[PDB]
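In what follows, a structure is listed as structure tokens, so that the remarks can point back to it.
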Amino acid sequence: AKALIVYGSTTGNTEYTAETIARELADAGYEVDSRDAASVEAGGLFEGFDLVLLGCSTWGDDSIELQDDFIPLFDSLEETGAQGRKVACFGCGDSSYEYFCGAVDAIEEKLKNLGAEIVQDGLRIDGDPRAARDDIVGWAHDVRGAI
Ligand SMILES: Cc1cc2nc3c(=O)[nH]c(=O)nc-3n(C[C@H](O)[C@H](O)[C@H](O)COP(=O)(O)O)c2cc1C
């Protein structure tokens, strides 16, 4: 299986998360391409991937704002080759804000209108993902099983 993992992380929580999902994947026999959104490009980004996992933190406080590095890609999802593509989304937040992990919400929806297949619902980590370590391992686990 060929997986793509793209992430936008500010204080590196979602990045740690991405790393955990990657190693879970890799340990299962998947080929894993892990990329910081800082550096990526949308034009056919997803082409040649059997699985695309999108990760992003939630900022904003009183409105939803996507992790900084992430926005540009988000603006361009219609150009990644998403349709028919099998995808899952993940991100860090804090349940204390009005819009808990609203960036996961946003991304999936856009994916969905694009014609992508959400094979599993989004992992919405509240707090330090080093403290949800298991959750992480388990969601990685169910995404494989739903492909
Ligand atoms: C000023 C600020 C605003 C935040 N706003 C939101 C928010 O609107 N929704 C939410 O789920 N979490 C929110 N959070 C918290 C985070 O997303 C949390 O810090 C996450 O662990 C950061 O991830 P990262 O390092 O990958 O970028 C905010 C954090 C700060 C400091």
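Chain lettering (A, B, ...) mirrors the order of the structure tokens, residue numbering begins at 1 for each chain separately, and ligand numbering begins at 1 in order of display.
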
Using only C-alpha atoms, which residues sit within 7 Å of range 56-59 of chain A once same-chain residues fewer than 2 positions away are excluded, as an mmCIF file with C-alpha atoms, in the first residue's frame?
data_model
loop_
_atom_site.group_PDB
_atom_site.id
_atom_site.type_symbol
_atom_site.label_atom_id
_atom_site.label_comp_id
_atom_site.auth_asym_id
_atom_site.auth_seq_id
_atom_site.Cartn_x
_atom_site.Cartn_y
_atom_site.Cartn_z
ATOM 1 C CA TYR A 7 1.084 17.654 8.146
ATOM 2 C CA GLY A 8 0.994 21.249 9.370
ATOM 3 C CA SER A 9 2.290 21.621 12.967
ATOM 4 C CA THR A 14 0.360 17.208 15.179
ATOM 5 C CA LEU A 54 -4.028 14.885 6.441
ATOM 6 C CA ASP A 61 -9.664 30.853 19.475
ATOM 7 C CA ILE A 64 -11.391 28.524 13.174
ATOM 8 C CA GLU A 65 -7.923 29.047 11.602
ATOM 9 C CA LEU A 66 -5.954 26.217 10.143
ATOM 10 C CA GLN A 67 -2.357 25.682 11.166
ATOM 11 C CA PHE A 70 -1.355 24.063 6.202
ATOM 12 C CA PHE A 90 -6.117 14.046 12.086
ATOM 13 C CA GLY A 91 -5.114 16.928 14.273
ATOM 14 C CA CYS A 92 -4.465 18.398 17.648
ATOM 15 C CA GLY A 93 -6.740 20.830 19.511
ATOM 16 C CA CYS A 101 -10.217 20.662 16.184
ATOM 17 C CA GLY A 102 -12.312 22.628 13.690
ATOM 18 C CA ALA A 103 -9.412 22.206 11.243
ATOM 19 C CA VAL A 104 -10.204 18.387 11.064
#

Quiz item: DSSP says alpha helix (DSSP H) for which residues of chain A? Put them as a PyMOL selection string?
Solution: chain A and resi 13-28+71-76+102-114+133-144

Self-check item: Residues near residue 116 in chain A, cut-off 7 Å, only C-alpha atoms, skip fewer than 2 positions along chain, as number ranges by chain
Solution: A: 82-87, 111-112, 114, 118

Quiz prompt | Interatomic distance (Å, one decimal) between CA of residue 96 in chain A and CA of residue 137 in chain A | solution =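 About the pair CA of residue 96 in chain A and CA of residue 137 in chain A: they are 24.2 Å apart.
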
Exercise. Write out as a PyMOL selection string the residues lying within 10 Å of range 30-41 of chain A, counting only C-alpha atoms and excluding same-chain residues fewer than 3 positions away.
Key: chain A and resi 1-9+15+18-19+21-27+44-46+49-56+67-74+76-77+79-80+144

Self-check item: Nearest to residue 129 in chain A, chosen from A:13, A:63, A:113, A:95, with only C-alpha atoms counted in the distances
Solution: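 Under the stated criterion, the closest residue is A:13.
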
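Between CA of residue 17 in chain A and CA of residue 109 in chain A the interatomic distance comes to 21.1 Å.
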
Self-check item: Å distance separating CA of residue 142 in chain A from CA of residue 121 in chain A, one decimal place
Solution: 9.9 Å

Quiz prompt | Of the listed residues A:89, A:48, A:94, A:145, that which approaches residue 125 in chain A most closely, counting only C-alpha atoms | solution =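 Going through A:89, A:48, A:94, A:145 one by one, the smallest distance to residue 125 in chain A is for A:94.
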
Self-check item: Of the listed residues A:47, A:60, A:42, A:105, that which approaches ligand 1 most closely, counting only C-alpha atoms and all ligand atoms
Solution: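 Among the listed residues, A:60 lies closest to ligand 1.
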